[PDB]
Participant: 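My questions all concern the structure below.
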Amino acid sequence: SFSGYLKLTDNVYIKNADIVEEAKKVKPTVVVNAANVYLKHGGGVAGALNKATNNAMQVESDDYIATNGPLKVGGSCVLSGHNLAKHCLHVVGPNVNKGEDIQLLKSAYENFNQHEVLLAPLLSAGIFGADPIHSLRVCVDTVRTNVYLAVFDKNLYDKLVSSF
Ligand SMILES: O=C(O)[C@@H]1CCC[C@H]1c1ccc2cnccc2c1
């Protein structure tokens, strides 16, 4: 039921949209969160998704970390999607503003291949400090399953499409 997306490749689609409003409308099987290793959803996409769940995402995430410990950079976990989706795939891309290695971005996108279809943001972009044009290139060259990318900033969406 995804609508208004521009087809970039056989399996990658993109739209200028707020991933929160997109999730509420579609209720996809999987929404991807741009997580950190501690699942502390303070800002960016994670802060927005968590606020839309009335903090239920953060309560579930704190129980997951108390049991399992932190994720790896490049890793992921599957938790509830709450009121937004059936599942939330929390994926940790490298944070360049914390000095993490951009080379781990391909490993982060490989987590998407475990799900037939996903609603997602660009990993390591925004407050994680990587170049979004690079993040879209790694996405297209790594993900083989059907990915619907929601880009919040209109100016960035136009730059990503015009330079693809
Ligand atoms: O698409 C973007 O412009 C950026 C790229 C990196 C993460 C994206 C982002 C960031 C904050 C968001 C806040 N609310 C809703 C969706 C949000 C999406």
Side-chain angles (χ1 to χ4, degrees), residues 2 5 12-24 26 28-53 55-62 64-65 70-115 117-143 145-157 159-160:
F2 289 93
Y5 285 75
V12 180
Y13 297 87
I14 193 163
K15 182 181 182 182
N16 180 201
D18 177 341
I19 193 174
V20 172
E21 294 296 307
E22 201 63 18
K24 289 177 170 192
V26 172
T29 306
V30 180
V31 64
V32 175
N33 182 27
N36 54 57
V37 295
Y38 304 107
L39 301 183
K40 286 305 188 205
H41 309 305
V45 170
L49 291 172
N50 178 58
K51 179 174 164 185
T53 74
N55 210 53
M57 178 180 285
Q58 189 65 69
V59 166
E60 177 193 34
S61 292
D62 287 346
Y64 173 92
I65 295 290
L71 281 71
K72 295 173 179 175
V73 176
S76 70
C77 70
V78 178
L79 292 174
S80 179
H82 302 277
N83 57 313
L84 306 175
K86 182 172 184 187
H87 304 294
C88 179
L89 177 73
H90 296 271
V91 180
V92 185
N95 186 325
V96 175
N97 294 326
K98 294 177 183 179
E100 296 171 349
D101 201 346
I102 196 56
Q103 311 296 302
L104 292 160
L105 184 57
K106 188 175 182 72
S107 298
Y109 275 115
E110 287 172 341
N111 295 284
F112 285 26
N113 290 322
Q114 298 296 314
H115 301 279
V117 59
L118 315 88
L119 171 65
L122 284 170
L123 301 179
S124 295
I127 69 180
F128 281 64
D131 179 356
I133 294 182
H134 175 65
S135 184
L136 177 55
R137 177 44 45 192
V138 176
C139 180
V140 163
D141 292 345
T142 303
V143 182
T145 57
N146 292 319
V147 59
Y148 291 84
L149 299 164
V151 176
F152 179 71
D153 193 282
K154 172 203 188 255
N155 289 329
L156 175 58
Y157 172 84
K159 184 185 183 34
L160 286 169

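Note: hydrogens, waters and symmetry copies are ignored here, and every other heavy atom, side chains too, is used. All residue numbers in this chain count up from 1 along the given sequence.
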Participant: Kindly say whether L39 contributes a backbone atom to a donor-acceptor pair with the side chain of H41 at under 3.5 angstrom?
Facilitator: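 It does hold such a pair.
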Participant: Please check: side-chain N/O of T142 versus main-chain N/O of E110, any donor-acceptor pairing under 3.5 Å?
Facilitator: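 No, because the side chain of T142 does not come within donor-acceptor range (under 3.5 Å) of the backbone of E110.
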Participant: Is it true that a side-chain atom of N83 and a backbone atom of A52 form a donor plus acceptor pair closer than 3.5 Å?
Facilitator: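 Between the backbone of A52 and the side chain of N83 there is a qualifying donor-acceptor contact (under 3.5 Å).
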Participant: Spell out, as yes or no, whether a donor-acceptor pair under 3.5 Å connects the side chain of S135 to the backbone of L123.
Facilitator: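 At least one qualifying donor-acceptor pair exists.
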Participant: Say you draw a straight line from CG of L156 to CG of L122; how long is it, rounded to the nearest 0.5 Å?
Facilitator: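 It is 7.0 Å, given to the nearest 0.5 Å.
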Participant: Is the backbone N or O of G129 less than 3.5 Å from a side-chain atom of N95, with the two atoms forming a donor-acceptor pair by type?
Facilitator: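 Absent.
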Participant: Measuring from atom CG of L49 to atom NE2 of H90, what distance do you get when rounded to the nearest 0.5 angstrom?
Facilitator: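 Reported to 0.5 Å precision, the distance equals 8.5 Å.
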Participant: Under 3.5 Å, is there a donor-acceptor pair between the side chain of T145 and the main chain of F112?
Facilitator: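 Checked: pair present.
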Participant: Using atom types as modelled and distance alone, determine if a side-chain donor or acceptor of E60 lies under 3.5 Å from a backbone N or O of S80.
Facilitator: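 Yes; at least one donor-acceptor contact below 3.5 Å.
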Participant: Would you say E21 has more than 12 foreign heavy atoms packed within less than 6.0 Å of its CD?
Facilitator: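 Yes, CD of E21 has more than 12 neighbouring heavy atoms, counting only those of other groups under 6.0 Å.
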Participant: For the CG atom of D62 and the CD1 atom of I65, what is their distance to the nearest 0.5 Å?
Facilitator: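 Between atom CG of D62 and atom CD1 of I65 there are 8.0 Å.
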Participant: Find out whether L160 and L149 are in side-chain contact, i.e. whether some heavy atom of one side chain is under 4.5 Å from a heavy atom of the other.
Facilitator: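 Of all side-chain heavy-atom pairs linking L149 with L160, none is under 4.5 Å.
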Participant: Which atom names give the shortest non-hydrogen contact between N111 and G74, and what distance separates them?
Facilitator: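 What the structure gives for the nearest pair is ND2-O, 3.0 Å.
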Participant: Would you say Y38 has more than 12 foreign heavy atoms packed within less than 6.0 Å of its OH?
Facilitator: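 Result for OH/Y38: open.
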Participant: Heavy atoms, side chains only, cut-off 4.5 Å: are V147 and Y109 in contact?
Facilitator: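 Heavy-atom side-chain distance check fails, nothing below 4.5 Å.
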Participant: Is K24 close to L84 at the side-chain level, that is, under 4.5 Å between some pair of heavy atoms?
Facilitator: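 They are in contact (side-chain heavy atoms under 4.5 Å apart), so the answer is yes.
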Participant: Decide yes or no for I19 and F152: does some side-chain heavy atom of the first lie under 4.5 Å from some side-chain heavy atom of the second?
Facilitator: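 No. Closest side-chain heavy atoms not under 4.5 Å.
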Participant: So do the side chains of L119 and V30 get within less than 4.5 Å of each other, counting heavy atoms only?
Facilitator: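 Not touching, per the 4.5 Å side-chain cut-off.
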Participant: Would you say that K40 contacts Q58 through its side chain, given a criterion of any heavy-atom pair below 4.5 Å between the two side chains?
Facilitator: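 Answer yes - side chains close enough.
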Participant: Roughly how far, to the nearest 0.5 Å, is NZ of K98 from CZ of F128?
Facilitator: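 Between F128 CZ and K98 NZ, I get 6.5 Å after rounding to 0.5 Å.
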Participant: Considering all heavy atoms of both residues, which atom of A108 and which atom of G93 are nearest to each other, and what is their separation?
Facilitator: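 Taking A108 first and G93 second, the nearest heavy atoms are CB-CA, 4.0 Å.
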Participant: Using every non-hydrogen atom in the two residues, find where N50 and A56 come nearest and quote the distance to one decimal.
Facilitator: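 Of all heavy-atom pairs spanning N50 and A56, the closest is OD1-N, 4.2 Å.
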Participant: How are the rings of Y13 and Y148 set relative to one another: parallel (under 30°), tilted (30 to 60°) or perpendicular (over 60°)?
Facilitator: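 Rings of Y13 and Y148: parallel, under 30°.
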Participant: For residues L79 and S61, report the shortest heavy-atom separation together with the two atoms involved.
Facilitator: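 Heavy atoms of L79 and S61 come nearest at CD1-OG, 4.1 Å.
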Participant: How far does CG of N36 sit from CD of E100, to the nearest 0.5 angstrom?
Facilitator: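 One gets 9.0 Å once the value is rounded to the nearest 0.5 Å.
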Participant: Minimum heavy-atom separation for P121 to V45, with atom names?
Facilitator: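 Shortest heavy-atom separation between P121 and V45 comes out as CB-CG2, 3.9 Å.
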Participant: Quick check: closest heavy atoms across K106 and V138, and the distance to 0.1 Å?
Facilitator: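 Taking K106 first and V138 second, the nearest heavy atoms are CA-CG1, 3.7 Å.
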Participant: Would the distance check show the side chain of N113 and the main-chain N or O of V143 forming a donor-acceptor pair, the cut-off being under 3.5 Å?
Facilitator: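 No, because the side chain of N113 does not come within donor-acceptor range (under 3.5 Å) of the backbone of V143.
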Participant: If you measure from NE2 on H115 to OG1 on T29, what distance do you get to the nearest 0.5 Å?
Facilitator: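 If we round to the nearest 0.5 Å, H115:NE2 and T29:OG1 are 10.5 Å apart.
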Participant: Verify, without hydrogens or angle tests, whether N33 (side chain) and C88 (backbone) share a donor-acceptor contact under 3.5 angstrom.
Facilitator: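 No, because the side chain of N33 does not come within donor-acceptor range (under 3.5 Å) of the backbone of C88.
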Participant: Quick check: do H134 and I102 have side-chain heavy atoms less than 4.5 Å from each other?
Facilitator: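 Yes, close enough: below the 4.5 Å cut-off.
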